[PDB]
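Peer 1: quick one, structure for this:
(9 chains, ligands or ions: 14)
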Amino acid sequence: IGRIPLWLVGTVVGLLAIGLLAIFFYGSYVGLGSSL
Amino acid sequence: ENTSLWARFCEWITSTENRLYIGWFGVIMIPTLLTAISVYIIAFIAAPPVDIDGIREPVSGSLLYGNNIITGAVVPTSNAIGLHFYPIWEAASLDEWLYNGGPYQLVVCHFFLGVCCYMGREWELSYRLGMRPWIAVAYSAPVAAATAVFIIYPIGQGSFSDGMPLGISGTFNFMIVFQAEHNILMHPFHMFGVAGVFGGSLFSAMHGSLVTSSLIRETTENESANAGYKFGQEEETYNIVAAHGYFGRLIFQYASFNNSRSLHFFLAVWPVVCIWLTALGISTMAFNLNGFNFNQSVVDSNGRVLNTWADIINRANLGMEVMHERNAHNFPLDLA
Amino acid sequence: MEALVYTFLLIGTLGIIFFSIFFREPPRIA
Amino acid sequence: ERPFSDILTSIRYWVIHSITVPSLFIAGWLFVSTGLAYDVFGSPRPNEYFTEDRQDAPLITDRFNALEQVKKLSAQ
Amino acid sequence: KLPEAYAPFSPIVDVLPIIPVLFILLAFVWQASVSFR
Amino acid sequence: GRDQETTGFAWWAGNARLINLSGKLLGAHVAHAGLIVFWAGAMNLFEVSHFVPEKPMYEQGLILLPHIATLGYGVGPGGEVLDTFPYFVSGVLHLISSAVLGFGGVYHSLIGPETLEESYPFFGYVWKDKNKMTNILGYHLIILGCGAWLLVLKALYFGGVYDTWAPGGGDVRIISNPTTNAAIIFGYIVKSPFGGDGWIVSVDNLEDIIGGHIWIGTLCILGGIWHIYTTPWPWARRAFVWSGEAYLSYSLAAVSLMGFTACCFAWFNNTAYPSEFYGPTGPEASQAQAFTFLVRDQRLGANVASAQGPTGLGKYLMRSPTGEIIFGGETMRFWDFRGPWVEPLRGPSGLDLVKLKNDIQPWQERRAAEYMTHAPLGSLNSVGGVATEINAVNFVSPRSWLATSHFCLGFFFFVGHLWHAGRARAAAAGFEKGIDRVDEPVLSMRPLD
Amino acid sequence: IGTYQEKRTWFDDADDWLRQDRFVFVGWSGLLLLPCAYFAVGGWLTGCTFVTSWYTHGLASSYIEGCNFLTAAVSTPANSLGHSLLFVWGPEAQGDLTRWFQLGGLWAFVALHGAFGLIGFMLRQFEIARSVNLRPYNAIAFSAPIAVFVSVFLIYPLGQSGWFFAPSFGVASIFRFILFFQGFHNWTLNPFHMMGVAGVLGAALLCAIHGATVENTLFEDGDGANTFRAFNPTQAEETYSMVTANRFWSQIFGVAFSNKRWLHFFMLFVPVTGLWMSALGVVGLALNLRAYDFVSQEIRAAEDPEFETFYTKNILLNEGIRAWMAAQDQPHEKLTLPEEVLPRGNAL
Amino acid sequence: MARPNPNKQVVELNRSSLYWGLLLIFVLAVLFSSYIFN
Amino acid sequence: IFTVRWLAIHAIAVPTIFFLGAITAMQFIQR
Ligand code: CLA
Ligand code: CLA
Ligand code: CLA
Ligand code: CLA
Ligand code: CLA
Ligand SMILES: CCCCCCCCCCCCCCCC(=O)OC[C@H](COP(=O)(O)OC[C@@H](O)CO)OC(=O)CCCCCCCCCCCCCCC
Ligand SMILES: CC1=C(/C=C/C(C)=C/C=C/C(C)=C/C=C/C=C(C)/C=C/C=C(C)/C=C/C2=C(C)CCCC2(C)C)C(C)(C)CCC1
Ligand SMILES: CC1=C(/C=C/C(C)=C\C=C/C(C)=C/C=C/C=C(C)/C=C/C=C(C)/C=C/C2=C(C)CCCC2(C)C)C(C)(C)CCC1
Ligand SMILES: CC1=C(/C=C/C(C)=C\C=CC(/C)=C/C=C/C=C(C)/C=C/C=C(C)/C=C/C2=C(C)CCCC2(C)C)C(C)(C)CCC1
Ligand code: OEX
Ligand SMILES: [Cl-]
Ligand SMILES: [Cl-]
Ligand SMILES: [Fe+2]
Ligand code: NA
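Peer 2: Numbering: from 1, shown residues only, chains lettered A, B, ... in the order given. Ligands and ions are numbered 1, 2, ... in the order given. Next up is the structure itself:
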């Protein structure tokens, strides 16, 4: 309890989520559905 | 000591004792919207057919020329004039003014001044009554939508003929050709606006249900159960806690809307910001920013186009493209 | 009479809203 | 009570999650990459959208023989 | 293109637009770190 | 920073806590200016790094390389880029200025002076000292006047500014004898905002541009001197609310009006926003289509004076609401288009039928066809042109971008002006927090009914 | 049960376990709502990422093919399937799951489980309102979205040719459904749809107005500049000045509310009535019983070649929808239309 | 339980519900007159 | 633990994490 900060937990979760949406948006221009 | 005429005038304007508060924004309230409403009523009743598209094809739009109120509409200004500010005095005749769509510019400009001054008048009464003034800030969303549909879209597309017809079937026509030329349904701002009105209906029903549910016995099956005490008492005992308890026990007990102030703030801001988003979406459509065009985006390993729902929407969009403003085109691709 | 009946209905709506604004019951209980 | 303000802040919750969540992640990765999703849920490959006998979009147009119809109309 | 003396630095150039978006998010990080007092 | 119980402001209103801490306030301001020049420099560097020279510069989605190129830095007599080193040096200078500005902002945000009157009376200020606020306003007005006069000096003596109206298709033109006629400039500022006059966007030559810049810089310097050496009049005191919230609201209204003006400029202007750098405007790419199909169908041997299209009006030529000869297509609304490749084709009568038949130059032909292909459509997810069209080209017009984004920013800033104006009025009056609950003003007047 | 002995059985133990305060409550409807809802959301999410629609619609509506969140959809079965419940064990799939997919069976799975999940969610609202001992006006309000769900996803395909004409569970397929009613049905012109539009727009209007008015008339209740910290559930006094709000809206709009009960019942009434009217209109269109045309206007247009209005224009744009869109939206009907008979005017 | 009915209740229609009902009837009228006339 | 909250949050967590890992694989698939 309190060994890792809740703010740091939320921050690393937000970094992972933003990077997840980023690679999702990147994968729209290449591969399947790239319209090319 | 208000023994001078303009001091008494400013006192009567500023006073809240009138049935409808006029105010210093009210001095532009009253004449602009009475002008707009008078021209609207007279045009909708007995206006001659208006050449909207500039190809000598007039839309009747007025009841006395043979249409009901569902299909009747004050037709937009002509395409020949564009957004060139053509009022009565710039017309050689009243007949010419009516043929080129002058009442549309009249009503639209006066309605724009009226809505901005209604914003200001809401703030003004808020100031004279000493409340918080952000009711006008909340009303800033439907007025944003009105400006975007009425003046900003004609500014972007180049002509007031592009604006919303003042009617119902004209509204449907404008909406359909809007989808045809801009793909509004597949735009995130429009999705935000649709989510905003859906959530507005949802949260309005939810708030009404939670307040009307959290009540105590004071009105029985009769008109009022006042036998305990009649009117003339300040006992506030409606309910405070059970509505929030029900809302917590509904799903997961951590959606904290115990603060009724926060609840009402969210209740106001969600549809307001979403209508802001869709109004800005329409204004962006004015400058041809369009929607998501994922047509022919799904292809197989051989590069052959695989159809999809977006392709079906594209087919419907081009179907409305090839029908609207029947004989307005001369040149292949459609440019504003 | 095609347009006249819609005229009656629209005038009735305007008269009803005008009377609801001005000839309304006064707001009692707060 | 465990109001979630103490589970997240403790490393005991993360030591049992530093491998299980990436385990599920790489499980989904291998599941999609090995073609198992295509095999279990009937999606054709990008190279198997059209067969040689037909070059237009498939139509079922049958009810009681629709299983054998989709069997012949799908990729072998 | 970027000039010759700076050509291999286009990778560290290419990420630089998003830094203002990282700035408001850093403000949110600091507010979480101070627990939104 | 501080917390909510000592200020009454929550985290999502934390910058309101700086309403009285002038040192931290100026620190946040200078860090913000550092952010602005950081975006400027980083976008310059990224945009040069992602630049293609042979492809025309408006097709890479480029918004501020046209801003430098309009000034005439690194561009030839046809809009050819030639070199990108001026863009590179501008970006690097902006990045370094961003570094030093952000250093100052961080320093004043953390260990700057909390309040300024106890150490720096020249920088110490409250929100009520009208003389000091007008002194600051005068300093900023002098700075802005010097900034406008700097552009004047560049256009006059520094060999810059790209005239798109120069013969041959535009050139970097040194502006000699700019038109400083007060009647002309005031006629530009007081004319109609509609399509007949265009208000402020219908400026069509660098002579009027630099004359208006001379006028604005001159009045800005003199107004700075005036506000430094004066104090607001009693009518100004009685009409205005003097607080930091009210000042912000006035500035927000002004900058929202500026944003709407910039939106209309990016969409309609063709002189201060060159089409060679920004792509076609609204009227062109449609008037360009009309003129190109006009010249194609007269090359095929038809009689374009005959025309007489589907509705009996004319497939190529038409008479406008006034007697000038204009294009007969659906682009009969854009007949007030004035562009570089139509004016030698245009005379007092109209579109000059004889010049249409004989005098059409191949550069006008190429420019019109290219403006047809790169229309200001485009969709928000890139993709091609019309929303019904398909994945064929990757181009969205920078004019469309600079119009849509700036309208959005201007509209939110109008809303923010309304918010801060109402809040400033309610704060000066005192009932910003709510109703006092022991003497409510409603029971102070008689009922309506 | 009226001071009786009430001998305890397994029912009382089960009721005592179900009616307990937990993180998420279960109750009796948890026997239905939890599995039905979890299966509905899981089926839609699985069909939107892996289950293709190449076989039934001849298109791609899943993430595994090149579709986005705004493109993938759990698609309906083919029109030749008619109105089969389309079980995995039925004559269609014959017990085979991997071909129960790509045949529209997952659409019927999601639709049936969603309908029963909505049933369980109203039962949820009812029994929780019983536990908190409050009136179920929330269930009264929720009766309208499920009326819309039934009239749209069940009644309309049941009255038309089959599930193919129902909306597929997605985004762009819903947009196709919208344009389908636009062109094939002229759903904007239907008076019940006009009532539904009025109800939703008025409900959003009430939402914004009520929130803004309460949040701008909320008294002081303290000394801090933040108003949200001034709210206290312990005090019984009202948070906002209703007399001030009534005076403000009476002098701005001309009419204003005087009763909190009537205000909140209006906020309850407007969307429910609008959504029920829209449900009735879609029930009307389930039988192809349209408000498509106006007899006087079509006769006047036929006998007058220079009389045209926005209604005539709308009819023409509907024909644009049908002629240029049914050819690909209905592959079972085999529209091999030459594109010189389609209505297509000048240039465009 | 006797000759007169103790369950008798009188009807109450205040002016607000009057105006709401009249507005309802005339809005239904303007909505459906155009369609019945057809 | 294996309580009601545990079961609910795991029924929402495990397949969503599986689907995210799946789609992150799906992003790098090319024709
Ligand atoms: C343009 C964005 C911006 C800027 C410039 C500021 C600036 C400031 N804010 Mg702030 N704020 C912002 C956005 C911004 N804010 C937003 C979006 C929110 C809502 C979440 C808040 C909410 C908020 C609150 C609640 C408070 C402030 C406060 C403050 C002031 C002092 C902060 C402090 O001393 O604590 C220290 C902060 C830190 C140690 C973390 C920041 C780390 C550094 C400074 C930034 C990163 C390093 C930088 C990149 C180095 C540059 C290198 C250089 C060489 C170029 C300060 C002047 C405080 C205040 O009111 O003053 C009393 C405070 O209470 N703000
Ligand atoms: C005479 C004193 C003085 C001067 C010269 C300035 C100057 C400036 N202030 Mg400042 N300010 C002052 C007093 C002064 N301030 C005081 C007393 C306060 C209260 C504490 C503030 C508070 C303040 C704030 C909060 C901010 C500024 C900002 C700025 C800059 C905005 C202009 C800009 O960057 O755009 C571009 C500039 C140009 C295009 C002009 C080009 C440069 C020309 C050619 C040089 C001018 C020469 C001129 C003759 C010399 C100045 C004479 C002087 C007597 C006015 C600018 C350089 C803003 C900022 O931080 O920006 C970084 C800002 O946020 N000031
Ligand atoms: C997301 C934030 C954002 C971003 C990225 C931009 C970006 C941009 N904006 Mg903008 N803006 C924003 C927010 C933003 N804005 C908001 C919120 C508003 C209020 C609604 C505005 C209002 C606004 C207006 C009114 C305008 C822009 C404009 C612009 C463009 C040029 C910027 C410029 O040069 O201005 C000016 C920069 C300064 C004033 C700094 C002073 C330095 C001067 C210019 C120096 C003089 C240069 C001189 C000639 C150099 C010669 C060298 C010499 C030594 C020889 C640019 C792409 C312009 C535009 O392109 O219109 C479409 C413009 O007119 N914006
Ligand atoms: C340069 C202009 C300016 C300035 C100096 C201020 C300054 C201030 N504002 Mg204000 N405001 C502005 C413009 C401005 N505002 C505009 C344009 C709007 C309309 C949207 C508002 C609406 C507004 C509200 C509703 C409130 C303030 C408040 C405040 C005060 C506290 C700010 C704070 O710490 O909040 C913290 C900042 C954040 C939490 C970050 C906000 C993130 C936003 C909401 C999301 C958008 C970000 C995203 C990247 C943008 C997408 C692109 C966009 C085009 C949509 C502060 C003194 C508060 C106040 O009244 O106190 C007195 C308050 O409640 N402002
Ligand atoms: C308990 C919650 C629940 C509910 C309410 C439903 C409801 C439904 N499911 Mg479903 N299902 C569930 C759980 C549930 N399911 C679970 C956990 C799974 C995973 C294994 C499934 C997997 C599943 C599939 C694969 C399908 C359905 C389908 C259906 C629909 C039609 C079912 C049908 O017609 O067959 C008949 C069902 C019954 C007759 C109910 C049985 C009750 C009998 C009468 C009890 C007899 C017991 C008796 C006491 C025995 C002792 C007597 C003996 C000693 C003499 C229906 C709306 C189908 C569908 O959606 O259509 C596309 C379908 O394809 N379900
Ligand atoms: C200068 C001001 C500009 C505004 C003038 C025009 C505004 C018209 C007035 C609004 C309508 C009045 C509603 C009457 C009904 C009425 O006044 O009832 C009276 C009612 C007051 O109710 P109470 O608060 O007294 O309720 C408690 C009772 O039980 C005890 O009396 O007011 C309301 O219902 C709230 C107002 C909602 C208003 C809804 C708007 C309805 C839309 C009208 C559309 C007209 C048709 C279109 C034209 C063809
Ligand atoms: C540079 C340039 C130029 C120039 C321009 C100019 C010249 C401009 C200007 C302008 C101006 C010269 C402006 C002015 C202004 C002002 C304003 C805009 C104002 C205001 C105000 C208000 C709005 C008010 C309000 C109020 C009232 C109502 C009363 C009481 C008080 C108060 C405050 C409340 C040109 C185009 C030529 C060329 C190009 C470039
Ligand atoms: C079908 C089927 C079935 C069922 C199943 C189930 C019931 C399950 C599931 C499942 C699930 C359940 C899945 C999922 C998914 C999900 C997802 C995929 C998600 C997501 C994504 C994203 C991208 C997000 C983002 C975000 C947002 C926007 C919000 C917040 C933040 C975040 C960032 C998170 C079985 C086998 C029985 C059999 C029959 C058939
Ligand atoms: C206070 C505060 C804040 C704010 C902050 C800020 C705003 C900061 C900043 C700052 C800044 C505003 C910065 C900037 C910067 C810059 C830099 C640091 C730079 C640099 C340099 C270099 C090293 C470069 C290099 C290069 C060249 C030269 C060219 C080519 C490219 C390259 C890149 C290579 C926040 C919100 C957080 C929170 C609250 C408090
Ligand atoms: O007018 Mn109404 O919508 Ca504007 O784009 Mn051109 O013009 Mn007409 O077509 Mn497309
Ligand atoms: Cl049409
Ligand atoms: Cl045309
Ligand atoms: Fe309430
Ligand atoms: Na045509």
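Peer 1: residue 22 is in what secondary structure piece?
Peer 2: Since you didn't name a chain, this refers to chain A. helix A:6-26 (DSSP states H and E).
Peer 1: nope, chain H
Peer 2: If you go by DSSP H and E, residue H:22 is part of helix H:15-37.
Peer 1: restricting to C-alpha, output that helix in CSV.
Peer 2: Only the C-alpha atoms of helix H:15-37 are listed here, as CSV (Å, rounded to 0.1, in the frame of the first residue of the first chain):
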residue,chain,number,x,y,z
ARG,H,15,-54.8,27.7,-16.5
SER,H,16,-51.3,26.3,-17.1
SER,H,17,-52.7,22.9,-18.1
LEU,H,18,-55.4,24.7,-20.1
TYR,H,19,-52.7,26.5,-22.1
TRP,H,20,-50.6,23.3,-22.4
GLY,H,21,-53.6,21.4,-23.7
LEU,H,22,-54.6,24.1,-26.2
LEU,H,23,-51.0,24.3,-27.4
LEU,H,24,-51.0,20.5,-27.8
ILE,H,25,-54.2,20.4,-29.8
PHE,H,26,-53.1,23.2,-32.1
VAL,H,27,-49.6,21.8,-32.6
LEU,H,28,-51.2,18.4,-33.5
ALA,H,29,-53.4,20.4,-35.9
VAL,H,30,-50.6,22.2,-37.7
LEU,H,31,-48.7,18.9,-37.9
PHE,H,32,-51.5,16.8,-39.3
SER,H,33,-53.7,19.2,-41.3
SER,H,34,-51.2,19.3,-44.1
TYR,H,35,-51.3,15.5,-44.2
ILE,H,36,-55.0,15.0,-44.1
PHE,H,37,-55.5,17.6,-46.7
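Peer 1: for residue B:253, which residues are in contact?
Peer 2: By CB atoms under 8 Å, 6 or more residues apart in numbering or on different chains, residue B:253 lies in contact with residue G:23. In short, each C-beta sits where N, CA and C put it, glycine included.
Peer 1: about what we covered before: buried sites along the helix holding residue H:22?
Peer 2: Across helix H:15-37, burial judged by 16 or more other CB atoms under 10 Å in any protein chain shown covers H:16, H:19, H:22, H:26, H:29-31, H:33-34.
Peer 1: residue contacts, the residue of chain A found nearest ligand 1?
Peer 2: Here chain A gets closest to ligand 1 at one residue, residue A:7, 12.6 Å apart by CB to the nearest ligand atom. Residues in contact with residue A:7 (CB under 8 Å, 6+ apart) are E:29, E:32-33, E:35.
Peer 1: just to be sure, residue D:57 is in a helix?
Peer 2: No: remark: residue D:57 does not belong to a helix; assigned using DSSP: H, G, I helix; E, B strand; the rest coil, it is coil.
Peer 1: and for it, the neighbour number?
Peer 2: A count of nearby residues for residue D:57, using other CB atoms under 10 Å in any protein chain shown, gives 16.
Peer 1: skip the chain neighbours and tell me the closest residue to it.
Peer 2: Counting by CB to CB, 6 or more residues apart in numbering or on different chains, residue G:58 is the residue found nearest to residue D:57 once chain neighbours are left out, at 2.9 Å.
Peer 1: with that, I have no additional questions.
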